[PDB]
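Examination of the molecular architecture
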Amino acid sequence: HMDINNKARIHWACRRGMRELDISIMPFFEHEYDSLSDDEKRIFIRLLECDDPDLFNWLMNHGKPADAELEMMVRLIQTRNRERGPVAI
Amino acid sequence: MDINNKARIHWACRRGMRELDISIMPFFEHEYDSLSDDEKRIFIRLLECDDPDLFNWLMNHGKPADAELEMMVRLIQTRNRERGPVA
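Residues numbered from 1 in each chain as written, not as in the entry; some residues may be left out. Chains lettered and ligands numbered in written order. Heavy atoms only, no water. Residues with missing side-chain atoms left out of burial classes, pairs and counts.

This entry lists X-ray crystallography as its structure determination method and reports a resolution of 1.20 Å.

The title given to this entry in the Protein Data Bank is "Crystal structure of ygfY from Escherichia coli". Under the UniProt heading Subcellular location, the note attached to chain B is "Cytoplasm". Under the UniProt heading Sequence similarities, the entry covering chain B gives this text: "Belongs to the SdhE FAD assembly factor family." (UniProt positions renumbered as here; feature names shortened; annotations may be inferred.)

Among the UniProt annotations of chain A, the heading Subcellular location holds the following wording: "Cytoplasm". The Sequence similarities field of the UniProt record for chain A holds the comment "Belongs to the SdhE FAD assembly factor family."

What follows is about the nonpolar core. Within the largest apolar cluster, 53 residues are counted, with the highest numbers of intra-cluster contacts made by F44 and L47 of chain A together with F43 and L46 of chain B. The residues contacting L47 of chain A, other than those within four sequence positions of it, are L55, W58, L70, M73, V74 and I77 of chain A. (Core = buried A, V, L, I, M, F, W, Y, C linked by side-chain atoms within 4.5 Å. Buried < 20%, exposed > 50% of the residue type's maximum accessible area, 1.4 Å probe, protein only. Contact = heavy atoms within 4.5 Å.)

Of the residues lining the interface, 22 residues belong to chain A; the matching set on chain B comes to 22 residues. For the chain A and chain B pair, buried surface summed over both sides reaches about 2100 Å², with 62% attributable to carbon and sulfur atoms. At the boundary of chain A and chain B, one finds 1 salt bridge. Between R82 of chain A and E70 of chain B there is a salt bridge, with the nearest N and O atoms lying 3.9 Å from each other. For the interface between chain A and chain B, the tally reads 8 residue pairs in polar contact. Mapped onto the side of chain A that touches chain B, the elements with two or more residues apiece are helix 2 (19–32), helix 4 (52–59), helix 5 (68–84) and strand 1 (87–88) of chain A. With 5 residues, helix 5 of chain A is the single largest residue contributor to the side of chain A that touches chain B. Here the residues of the side of chain A that touches chain B are counted per class, giving 10 nonpolar, 6 polar and 6 charged. (Buried area = accessible area lost by both parts, 1.4 Å probe. Salt bridge = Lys/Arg side-chain N within 4 Å of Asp/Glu carboxyl O. Polar contact = N/O pair within 3.5 Å; in protein donor to acceptor, adjacent residues only side chain to side chain. Helix = DSSP H or I, 4+ residues; strand = E, 2+ residues; numbered from the N terminus. Nonpolar A, V, L, I, M, F, W, Y, C, P; charged D, E, K, R; others polar.)

Moving on to the packing of helix 2 of chain A against helix 5 of chain A. The relative placement of two packed helices is expressed as an angle between their axes plus a distance between the axes. Residue and element names in this part refer to chain A. Interaxial distance between helix 2 and helix 5 falls to 10 Å at its minimum, and their mutual angle equals 80°. By the angle between their directions, the pair helix 2 and helix 5 is classed as roughly perpendicular. Residues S24, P27, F28, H31 and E32 of helix 2 pack against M73, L76, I77, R80, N81 and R84 of helix 5. Split by residue class, the contact of helix 2 with helix 5 holds 5 nonpolar, 3 polar and 3 charged. (Axes fitted to C-alpha atoms, helices over the stretch in contact; angles between N-to-C directions. Parallel < 35°, antiparallel > 145°, perpendicular 65-115°, else oblique.)

Here we come to the layout of surface pockets. A water-sized probe rolled over the atoms picks out the places where empty space is left. Residues and elements named next belong to chain B. Taken as a whole, the largest pocket holds about 270 Å³ of empty space. In this structure, the largest pocket is lined by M1, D2, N5, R8, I9, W11, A12, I44, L47 and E48. Contributing elements (two or more residues each) for the lining of the largest pocket: helix 1 (6–12) and helix 3 (37–47). Broken down by element, the residue count for the lining of the largest pocket peaks at 4 residues, all from helix 1. (1 Å grid on protein atoms, 1.4 Å probe; cavity = no way out; pocket = protein on both sides within 12 Å on 5 of 7 lines; lining within 4 Å. Points joined across faces, edges and corners; volume = space filled by probe spheres on them.)

Below you can see the structure in the form of structure tokens.
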């Protein structure tokens, strides 16, 4: 597993194949990663090892991961992104 | 307004953006009858929003300024997450 303290390397791992994933994951990393506990950081890194179609399904709420830690992290990304992004009228 | 004409609500769930296909229509088909009248009215209001906003909101690229719309987006998310495949 990638070292939780090597932020620039984790940032690279956040760069994905798909537009919707890059809009979601990379800004979450840039604005939220420092707020995470070590356990949460380890989980985030594990989430990045998942395939893009699964990440997209999960971030889009087409079901969820069977792994509760991954589910928790997907939900955390969604929550933080919803609160940080544009408030649209 | 018209919360009873499910055929027309169904049609309004077919969006110009097909990115919205996995989310809105299946929510309607599986969850609409569970909604209160107030929730149904808010869902119909949400369907009048523009597709770029709906897609942003459903992917948590920010949220509606309107708290009713925010709640409804979040309910769609929750229900879709609970109903979809566990991978």
